[PDB]
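Q: The structure's right below; bear with me while I get my questions together.
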Amino acid sequence: XXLXXX
Amino acid sequence: XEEXX
Amino acid sequence: XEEXX
Amino acid sequence: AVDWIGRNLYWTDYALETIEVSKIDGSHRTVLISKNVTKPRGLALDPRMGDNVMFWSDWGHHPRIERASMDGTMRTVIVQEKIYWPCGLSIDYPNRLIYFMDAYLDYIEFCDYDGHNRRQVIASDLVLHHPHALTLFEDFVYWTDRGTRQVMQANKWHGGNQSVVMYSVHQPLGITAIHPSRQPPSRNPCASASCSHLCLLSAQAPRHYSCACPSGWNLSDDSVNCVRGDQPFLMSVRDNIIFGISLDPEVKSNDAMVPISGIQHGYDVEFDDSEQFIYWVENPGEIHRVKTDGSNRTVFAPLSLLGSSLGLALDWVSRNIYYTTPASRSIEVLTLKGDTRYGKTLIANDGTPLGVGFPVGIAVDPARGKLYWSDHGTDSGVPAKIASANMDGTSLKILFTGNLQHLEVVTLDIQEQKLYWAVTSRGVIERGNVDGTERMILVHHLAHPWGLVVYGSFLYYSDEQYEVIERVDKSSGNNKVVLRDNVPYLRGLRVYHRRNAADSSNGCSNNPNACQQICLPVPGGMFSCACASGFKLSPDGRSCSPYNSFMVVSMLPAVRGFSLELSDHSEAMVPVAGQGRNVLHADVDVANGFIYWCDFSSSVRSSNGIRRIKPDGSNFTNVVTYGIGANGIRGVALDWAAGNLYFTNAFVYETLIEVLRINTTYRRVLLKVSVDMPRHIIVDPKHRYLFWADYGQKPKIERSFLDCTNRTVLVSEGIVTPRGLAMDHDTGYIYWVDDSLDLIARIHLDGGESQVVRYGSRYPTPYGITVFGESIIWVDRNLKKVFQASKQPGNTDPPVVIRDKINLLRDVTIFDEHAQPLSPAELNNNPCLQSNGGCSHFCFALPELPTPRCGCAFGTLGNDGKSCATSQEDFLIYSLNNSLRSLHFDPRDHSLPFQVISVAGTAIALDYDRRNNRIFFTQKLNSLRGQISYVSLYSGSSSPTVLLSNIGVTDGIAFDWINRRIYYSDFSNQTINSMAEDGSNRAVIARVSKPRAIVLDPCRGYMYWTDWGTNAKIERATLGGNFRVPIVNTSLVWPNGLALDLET
Amino acid sequence: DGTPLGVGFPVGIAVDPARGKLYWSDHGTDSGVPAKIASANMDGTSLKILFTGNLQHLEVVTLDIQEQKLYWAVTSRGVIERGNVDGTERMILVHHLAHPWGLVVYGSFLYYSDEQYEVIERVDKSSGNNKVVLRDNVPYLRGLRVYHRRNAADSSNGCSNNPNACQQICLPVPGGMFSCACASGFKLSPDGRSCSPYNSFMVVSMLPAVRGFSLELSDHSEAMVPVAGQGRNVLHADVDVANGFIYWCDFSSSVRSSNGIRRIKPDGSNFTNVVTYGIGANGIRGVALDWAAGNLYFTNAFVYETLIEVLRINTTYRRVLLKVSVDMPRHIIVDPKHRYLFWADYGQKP
Ligand SMILES: *[C@@H]1O[C@H](CO)[C@@H](O[C@@H]2O[C@H](CO)[C@@H](O[C@@H]3O[C@H](CO[C@H]4O[C@H](CO)[C@@H](O)[C@H](O)[C@@H]4O)[C@@H](O)[C@H](O[C@H]4O[C@H](CO)[C@@H](O)[C@H](O)[C@@H]4O)[C@@H]3O)[C@H](O)[C@H]2NC(C)=O)[C@H](O)[C@H]1NC(C)=O
Ligand SMILES: *[C@@H]1O[C@H](CO)[C@@H](O[C@@H]2O[C@H](CO)[C@@H](O[C@@H]3O[C@H](CO[C@H]4O[C@H](CO)[C@@H](O)[C@H](O)[C@@H]4O)[C@@H](O)[C@H](O[C@H]4O[C@H](CO)[C@@H](O)[C@H](O)[C@@H]4O)[C@@H]3O)[C@H](O)[C@H]2NC(C)=O)[C@H](O)[C@H]1NC(C)=O
Ligand SMILES: *[C@@H]1O[C@H](CO)[C@@H](O[C@@H]2O[C@H](CO)[C@@H](O[C@@H]3O[C@H](CO[C@H]4O[C@H](CO)[C@@H](O)[C@H](O)[C@@H]4O)[C@@H](O)[C@H](O[C@H]4O[C@H](CO)[C@@H](O)[C@H](O)[C@@H]4O)[C@@H]3O)[C@H](O)[C@H]2NC(C)=O)[C@H](O)[C@H]1NC(C)=O
Ligand SMILES: *[C@@H]1O[C@H](CO)[C@@H](O[C@@H]2O[C@H](CO)[C@@H](O)[C@H](O)[C@H]2NC(C)=O)[C@H](O)[C@H]1NC(C)=O
Ligand SMILES: *[C@@H]1O[C@H](CO)[C@@H](O[C@@H]2O[C@H](CO)[C@@H](O)[C@H](O)[C@H]2NC(C)=O)[C@H](O)[C@H]1NC(C)=O
Ligand SMILES: *[C@@H]1O[C@H](CO)[C@@H](O[C@@H]2O[C@H](CO)[C@@H](O)[C@H](O)[C@H]2NC(C)=O)[C@H](O)[C@H]1NC(C)=O
Ligand SMILES: *[C@@H]1O[C@H](CO)[C@@H](O[C@@H]2O[C@H](CO)[C@@H](O)[C@H](O)[C@H]2NC(C)=O)[C@H](O)[C@H]1NC(C)=O
Ligand SMILES: *[C@@H]1O[C@H](CO)[C@@H](O[C@@H]2O[C@H](CO)[C@@H](O)[C@H](O)[C@H]2NC(C)=O)[C@H](O)[C@H]1NC(C)=O
Ligand SMILES: *[C@@H]1O[C@H](CO)[C@@H](O)[C@H](O)[C@H]1NC(C)=O
Ligand SMILES: *[C@@H]1O[C@H](CO)[C@@H](O)[C@H](O)[C@H]1NC(C)=O
Ligand SMILES: *[C@@H]1O[C@H](CO)[C@@H](O)[C@H](O)[C@H]1NC(C)=O
Ligand SMILES: *[C@@H]1O[C@H](CO)[C@@H](O)[C@H](O)[C@H]1NC(C)=O
Ligand SMILES: [Ca+2]
Ligand SMILES: [Ca+2]
Ligand code: NI
Ligand code: NI
């Protein structure tokens, strides 16, 4: 999972 | 998670 | 059909 | 994170890169920490008296965990070693430990408030994949993983005794444990504070509170009272957000106002300091507004039904807002005052260069009543230019033209009467006087200027390709100063400042409430009253009345009306557009104020049909929906005298000419053809004739009576693909257009030779035509223009262009009382003008006779000659879904023997009873609930009377006229049973695998039926059900139908 | 290039074999070349701007060699215009066109096709005058040309008088002279007739392709056969001057086997994969070649790890030098002269 919450 | 076309 | 857009 | 002691509310914003605080009511918000912060994720705080401290986590280019006093003063860094992705924070209040987490190094750790006693709870472990947030309880720590999508529990001191609390389908981000122990009480020093607006707790010993005030407010020397800051600031609108940044380049906070987030495609903004509102457009064709502090973010008004607006400019004296609609090639106005919105189109795209080609920017001068806009031009007469006009849209003028390729927004310096604009093709910003005399290049070597604004002695511009906002001296373009840099998606600019309407009053302010709807200032201190779209100004100069004379231009996306005078660019009707519009032709009803059109769709149903609407956009209702062919309605003609609406619906291999009496259900077919395909139909109540065009094999133009009985051909030679035709009633000529011949021609009603009005290469695709006075008006699909030219053949004057660059033109019609006369003398004493001529259903006049030929929608015309009754003859009857319908034996008779009977459920089979004149029919409800009913064919025509219910699905029914009992078959129950005509006694005749149909021969005592089960056969038995034998039991699979002929 | 004399967006071409001059119509570029009618020698030497002005939607250009006048059509104004090759006299010939697409001048008549009027018309070449329609109701009209007899005897130049003069390409110039040229990736020899590979040039790498440009700005030719086509997504490139190779690393987030390091000679031959196996989730993020020892250094970019590797050219030996997790080397340059490696890091702690 990527960091950016979007 | 980097640059691509 | 004949014309639709 | 809520502050339960000081009653405040803190949060971290990743997009804004700030830490913000407000009251727990969501009011008086301010940016608390905006310096030196890149990606703030975590947040925790300790409101107790001894601490008054907050913590946040930033995972920017230098990750760190920082602490500060809750008023943001004493900021220190407590953790900046062994961290890559600080994600989530939590506080252990009893022992004052701060727990934090890392999604890259995959650990959970805690420290004291100084970050000294650092320990590892969970580390060097695979239980953590991408943990996000955590919360504490008594000796337990809970956290959420965005990688494994589950919530976990572990011992908060050493990470033992782990277990999965919850599995979640989506990624679990937030988590909190709700309990009073998590929210310890304490004394509230802020409760005694006298601070206005915000009172924030602080760690300073003497008081432990500090007064603060929201964005755009000033801290007075009293240190407790704040005053609103009236200093100007720059509104930097960007592709998805609008920021208010200070004019001082040293202030890098971006908190002059609450940011306007959630923008779809931002281009430019506009403000009203009288009510502190900020205006911007939205893509669906709306204008939104919000106060500078975010109180009433709401929609305000709809801008245009046929495209989104791009430019924006506000008049702060007349309280009108002007906008440009490049999708509609128009400059429009909207009214702010009052609870009712009024909008108008000022300038449109005529053929002249003075018109509007493609408006980009707009700047208004409320005093002196002047309006300026920048035009990209078109592939037409309109060039790229800087143009000016009065704010009532009258005096169009071209100020500057030349090498203005890729023009940008235009800005007016009111104090100096100097226009400013940017040119992307040369990368320069130019300026010039409002009179168009002087022009010089001010700034050079720009990449892609987007916004520019003049305030005071400086000119601010934002470059979208350098990603920079720069301030330069407006007089010479020297002394460049950079305000922002590395900001992507830079868009237009505007400076918010207080501007008084009193110092710049005009006509619309000295005379308020003079005009009924809209006031527009003009040069010289005067004012010009105006009306909203669809209304014309009355001769008194103040009131408004609807347009009584306009042309109705039909396009595929929308139906639009224009005034007959070319000097008026106002929209003469409220446009019909939006979802579901794909319109072929239009027709008008001038007397009643209705405009009819036919929508068409080749794929989705319920889009085909004829619909009506008033020219002001009220009481849209459907007209014809049922029974539309596969090719849809292809032509609409309205008889304004008799109130009949003729239309042609085309099937795949057939086409019908059909009449509907308006405001009534009377509808009948006049003509059914297969070789001919009538497409566009017109009606003439004066000469009492019906004309239509045909463009299939053997193209022609036909003339016929109102009942389609005396068809004759007018033109059949030298005609291919006649798209449309029109008539001038005062002269009696038929005008038509040929796109396949590039020909516009006319012919008299009685026949003769065809006269060529206009032809040649310059008329590629005429699609629709109309006649008004001495001039014809027609639309051209290829040229995207609506033309006007002399009706007389042999004229060589070039056509004048009413409007240009209209896509998908189809038709044009005149909405005028002069084009639809109603007086009996002007209609040649046409019948059906009074009481529909006495006819019950339809009133068809004949060319020279004084008495009308009444028509019958259902049934036959009686001896009275004006009333309708049942056929009293032989005819067919069939069931169609939830109805029983009738049909004559004659293929050339299209009248219905009786009106369609509506039943409940689906009708499957039926049979007729002579003696009582009734039809016994069966119904199917649900999967298995069959039903049998009967309905009378007499004038009473009551609801069908049920005979049974709860019986299975019934596939057939037959009536014994001799023995007066009813035979029917039950499919779902595998029996054929009988009944008396009253119901009453019922008996079973036989068992059958799959019975469908039954036929009887009472005079010979035999009864036949069919079966299509495992073996399909036709069986015979006596009416009592005895001596059953199969008549045919070979070569049958699905013998659905049975019929017995006693005559042979 | 940045100068107005270069091509911005060329649409049409007219060639004058005798007198050796090219003519072309340009749409221009933003903040660069304007929309103009330009001319140059057929070898490309003397760029010139003939007509500039109200040309916005400029269409193809054409030349009447017998009268030596240029013709062009402007869609934004709906006109067909004339102009001398000197760039002096300019005038409007036809009015009220819709969307001219093609035009040709032959004999005493000018033929033009209008795509929006769907028509082909003939007018005199001195003025509109006698308009005649050849075809009508013709959709999708495009450019036009007149097939006619023109011979090498009625007009001659240097390249026709002297066959076999240049080994690869001959380009005539005004005055009857001829200029030799040598393909793409080759440079003209000092003798002026033979060809040699472009010994000195510079390499620029784009995501779609790798291209080579000469250091001397007057040479607009490609100094290297471009590396392009399907499967190309270039992040970095490095050169091997002695052996004549160009090394580049492809990238692809979705499709595998589009990741790795390739080599190619500047003339377009001997394409070969150098590194294919063991590429990280993010591709080779940097390449550096040691031209002394023959070592190739490159960076593997895994999702949470980053390796610095060596590969001996023409040899299967491949080694990992460094494995880091908090630091992420991205672009590597090698200096054999001082025997050092420098790499740039743009993650946390740049
Ligand atoms: C809340 O706090 C803010 C910030 O401290 C205050 O904002 C300042 O308010 C003053 C007074 O209105 C402003 O001073 C005026 O500046 C004008 C030009 O400013 C521009 O250029 C300067 C640099 O040259 C920039 O710093 C600035 O951002 C602008 O870009 C001058 O033209 C004015 O001079 C005129 O008025 C004065 C005083 O009457 C006369 O002496 C002069 O002769 C002349 O007529 C004036 O100096 C100041 O620019 C504002 N700063 C900002 C950031 O905008 C608020 O005033 C304060 N609010 C309250 C009510 O306390
Ligand atoms: C099918 O059913 C529809 C309704 O669903 C009918 O539509 C109505 O048609 C009548 C006319 O037949 C309309 O009545 C007309 O309204 C006009 C507008 O009135 C406004 O403006 C006038 C001043 O111009 C004001 O006085 C008034 O207060 C309103 O503000 C009037 O201008 C018309 O007046 C004309 O006729 C009357 C007599 O009826 C004369 O006295 C006048 O001098 C003048 O000649 C008229 O009153 C009505 O508005 C329509 N209703 C709707 C909802 O649209 C269809 O007629 C009906 N039939 C068909 C075939 O469609
Ligand atoms: C891995 O393996 C590849 C092959 O797969 C090697 O590639 C070869 O490398 C050699 C290096 O020497 C190349 O040979 C060179 O070719 C040059 C071009 O030759 C043309 O032009 C010359 C005149 O300049 C003509 O004589 C010749 O016929 C061609 O028309 C030459 O200019 C070079 O000359 C040098 O060596 C010669 C012979 O010793 C000397 O006389 C010269 O003075 C000069 O020093 C040289 O011959 C060869 O072309 C490459 N082949 C391919 C397929 O590209 C790689 O080198 C190897 N990798 C590593 C890192 O070693
Ligand atoms: C923002 O962070 C930077 C980087 O740490 C700070 O810059 C240093 O601040 C210290 C404070 O003692 C100085 O000693 C250094 O000389 C500063 N270096 C530079 C390059 O300026 C900066 O102070 C921080 N600012 C705030 C308000 O937190
Ligand atoms: C999980 O909980 C159990 C108790 O239910 C822990 O087991 C005891 O832990 C204490 C403290 O370390 C020891 O003194 C005991 O000897 C342990 N007893 C047993 C039965 O093991 C256990 O430590 C917890 N999990 C982990 C891995 O720490
Ligand atoms: C902006 O928001 C405030 C708060 O909702 C609006 O004020 C309320 O208006 C309603 C309806 O008139 C009243 O019943 C409430 O008592 C008002 N509350 C307050 C706090 O005054 C205000 O109307 C909005 N502004 C506008 C003009 O729409
Ligand atoms: C065919 O008949 C059925 C009933 O047998 C119709 O179903 C009804 O449809 C209307 C909407 O038009 C619903 O409001 C009713 O609730 C439906 N009734 C039942 C019993 O389901 C159906 O619409 C008819 N089909 C068509 C094309 O008209
Ligand atoms: C199809 O129908 C014929 C009707 O005659 C059946 O033929 C009869 O079959 C029975 C039993 O075999 C005989 O007793 C009769 O004499 C036959 N009648 C005649 C005149 O041929 C035939 O059996 C039927 N077929 C099936 C498969 O049922
Ligand atoms: C026409 O419009 C008005 C406004 O909706 C409405 O009140 C009136 O009833 C409408 N007329 C009819 C007959 O529906
Ligand atoms: C209409 O049709 C009838 C029957 O074909 C014909 O006798 C008559 O002349 C036609 N025209 C008139 C004037 O009724
Ligand atoms: C069939 O007959 C049965 C009982 O013999 C009755 O219950 C039922 O209503 C009939 N058909 C249906 C609806 O199942
Ligand atoms: C290199 O290219 C030449 C010519 O295409 C070919 O004959 C030769 O085999 C190639 N050599 C290698 C090692 O790729
Ligand atoms: Ca991880
Ligand atoms: Ca045509
Ligand atoms: Ni632009
Ligand atoms: Ni074109």
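Order determines the names: the first chain of the structure tokens is A, the second B, and so forth; residues in each chain are numbered 1 upward, and ligands are numbered 1 upward as they are shown.
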Quick one: residues within 10 Å of residue E:291, only C-alpha atoms counted, chain neighbours fewer than 3 positions away excluded, as a VMD selection string?

A: chain E and resid 239 to 243 288 294 to 296 334 to 336

Q: Near residue A:5, within 12 Å and counting only C-alpha atoms, which residues show up once chain neighbours fewer than 4 positions away are dropped, as a PyMOL selection string?

A: (chain A and resi 1) or (chain D and resi 13-15+39+41+87+132+146+171-174)

Q: Write to file, as a compact mmCIF listing (two decimals), in the first residue's frame, the residues of the selection just made, with N, CA, C and O atoms.

A:
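In the end it all went to again-v9.txt:
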```txt
# COMPACT_ATOMS: atom_id res chain seq x y z
N UNK A 1 0.82 -1.20 0.00
CA UNK A 1 0.00 0.00 0.00
C UNK A 1 0.86 1.26 0.00
O UNK A 1 1.82 1.37 0.77
N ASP D 13 -3.65 18.90 7.75
CA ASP D 13 -4.07 18.81 6.36
C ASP D 13 -2.85 18.54 5.50
O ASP D 13 -1.90 19.33 5.49
N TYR D 14 -2.87 17.42 4.77
CA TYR D 14 -1.73 17.04 3.95
C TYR D 14 -1.64 17.90 2.70
O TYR D 14 -0.54 18.31 2.30
N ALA D 15 -2.77 18.16 2.05
CA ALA D 15 -2.76 18.98 0.84
C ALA D 15 -2.37 20.42 1.13
O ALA D 15 -1.56 21.00 0.41
N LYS D 39 4.52 17.26 5.22
CA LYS D 39 3.49 16.23 5.15
C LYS D 39 3.05 15.83 6.55
O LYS D 39 3.42 14.76 7.05
N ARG D 41 1.05 14.14 9.23
CA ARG D 41 0.09 13.05 9.33
C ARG D 41 -0.49 12.89 10.73
O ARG D 41 -1.71 12.96 10.91
N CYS D 87 3.94 7.59 11.05
CA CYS D 87 2.52 7.44 10.71
C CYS D 87 1.74 7.10 11.99
O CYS D 87 1.69 5.95 12.42
N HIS D 132 -1.01 2.40 10.22
CA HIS D 132 -1.41 3.79 9.99
C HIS D 132 -1.67 4.57 11.27
O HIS D 132 -1.04 5.61 11.49
N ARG D 146 -2.96 -0.79 6.94
CA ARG D 146 -3.50 -0.58 5.60
C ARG D 146 -3.00 -1.62 4.61
O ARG D 146 -3.53 -1.71 3.50
N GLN D 171 -9.47 -0.49 3.59
CA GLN D 171 -8.33 -0.13 4.43
C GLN D 171 -8.81 0.64 5.65
O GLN D 171 -9.49 1.67 5.51
N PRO D 172 -8.48 0.19 6.87
CA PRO D 172 -8.88 0.93 8.08
C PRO D 172 -7.86 2.01 8.40
O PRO D 172 -6.69 1.71 8.69
N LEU D 173 -8.29 3.27 8.35
CA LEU D 173 -7.37 4.37 8.58
C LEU D 173 -7.40 4.87 10.02
O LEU D 173 -6.38 4.83 10.71
N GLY D 174 -8.56 5.33 10.48
CA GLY D 174 -8.63 5.93 11.80
C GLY D 174 -9.06 4.94 12.87
O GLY D 174 -9.73 3.94 12.61
```

Q: Can you pull out the residues contacting stretch 961-970 of chain D? Cut-off 10 Å, using only C-alpha atoms, and skip same-chain residues under 3 positions away; I want them as an MDAnalysis selection string.

A: chainID D and resid 909 911:915 920:922 930 932 951:958 973:992 994:1003 1007 1009:1010 1023

Q: Which is closer to residue E:40 than all the others in E:172, E:328, E:105, E:28, using only C-alpha atoms?

A: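 Selected residue with least distance to residue E:40: E:172.
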
Q: Enumerate residues in contact with ligand 6: an atom-to-atom distance of at most 10 Å, counting only C-alpha atoms and all ligand atoms. Format the result as JSON, numbers by chain.

A: {"D": [275, 290, 291, 294, 295, 296, 297, 298]}

Q: Go through D:458, D:308, D:48, D:103 one by one, measure the shortest atom-to-atom distance of each to ligand 1 using only C-alpha atoms and all ligand atoms, and give the residue with the smallest value.

A: D:458

Q: What's around residue D:320 at 7 Å? Count only C-alpha atoms, leave out sequence neighbours fewer than 3 positions away in its own chain, and write the answer as a tab-separated table (two decimals) with N, CA, C and O atoms, in the first residue's frame.

A:
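Once everything was written out, this is out_12.tsv:
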```tsv
chain	number	residue	atom	x	y	z
D	314	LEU	N	-17.44	40.97	-12.26
D	314	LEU	CA	-18.55	41.43	-11.44
D	314	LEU	C	-18.64	42.94	-11.45
D	314	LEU	O	-17.62	43.64	-11.43
D	315	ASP	N	-19.86	43.45	-11.49
D	315	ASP	CA	-20.15	44.87	-11.33
D	315	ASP	C	-20.61	45.07	-9.90
D	315	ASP	O	-21.67	44.57	-9.50
D	333	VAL	N	-25.00	37.97	-18.74
D	333	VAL	CA	-25.07	38.71	-17.48
D	333	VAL	C	-26.00	37.96	-16.54
D	333	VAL	O	-26.87	37.19	-16.97
D	334	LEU	N	-25.81	38.17	-15.24
D	334	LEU	CA	-26.65	37.57	-14.21
D	334	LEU	C	-26.84	38.58	-13.09
D	334	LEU	O	-25.96	39.40	-12.82
D	335	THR	N	-27.99	38.52	-12.43
D	335	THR	CA	-28.38	39.50	-11.43
D	335	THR	C	-28.19	38.93	-10.04
D	335	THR	O	-28.59	37.79	-9.77
D	336	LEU	N	-27.58	39.72	-9.15
D	336	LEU	CA	-27.34	39.27	-7.78
D	336	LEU	C	-28.45	39.70	-6.83
D	336	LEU	O	-28.76	38.97	-5.88
```

Q: Collect all residues with atoms no farther than 8 Å from ligand 7, counting only C-alpha atoms and all ligand atoms, and output them as an NGL selection string.

A: :D and (881-882 or 904-906 or 924-926)

Q: With C-alpha atoms retained, export the selected residues as a PDB file, in the first residue's frame.

A:
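What landed in part-v4.pdb:
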```pdb
ATOM      1  CA  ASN D 881     -49.708  -7.431 -22.741  1.00  0.00           C
ATOM      2  CA  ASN D 882     -52.222  -5.826 -20.360  1.00  0.00           C
ATOM      3  CA  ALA D 904     -55.064  -6.111 -15.006  1.00  0.00           C
ATOM      4  CA  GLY D 905     -52.226  -8.543 -15.442  1.00  0.00           C
ATOM      5  CA  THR D 906     -51.263  -9.941 -18.834  1.00  0.00           C
ATOM      6  CA  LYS D 924     -51.672 -14.287 -16.091  1.00  0.00           C
ATOM      7  CA  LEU D 925     -50.500 -12.837 -12.777  1.00  0.00           C
ATOM      8  CA  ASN D 926     -47.251 -13.599 -10.957  1.00  0.00           C
TER       9      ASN D 926
END
```
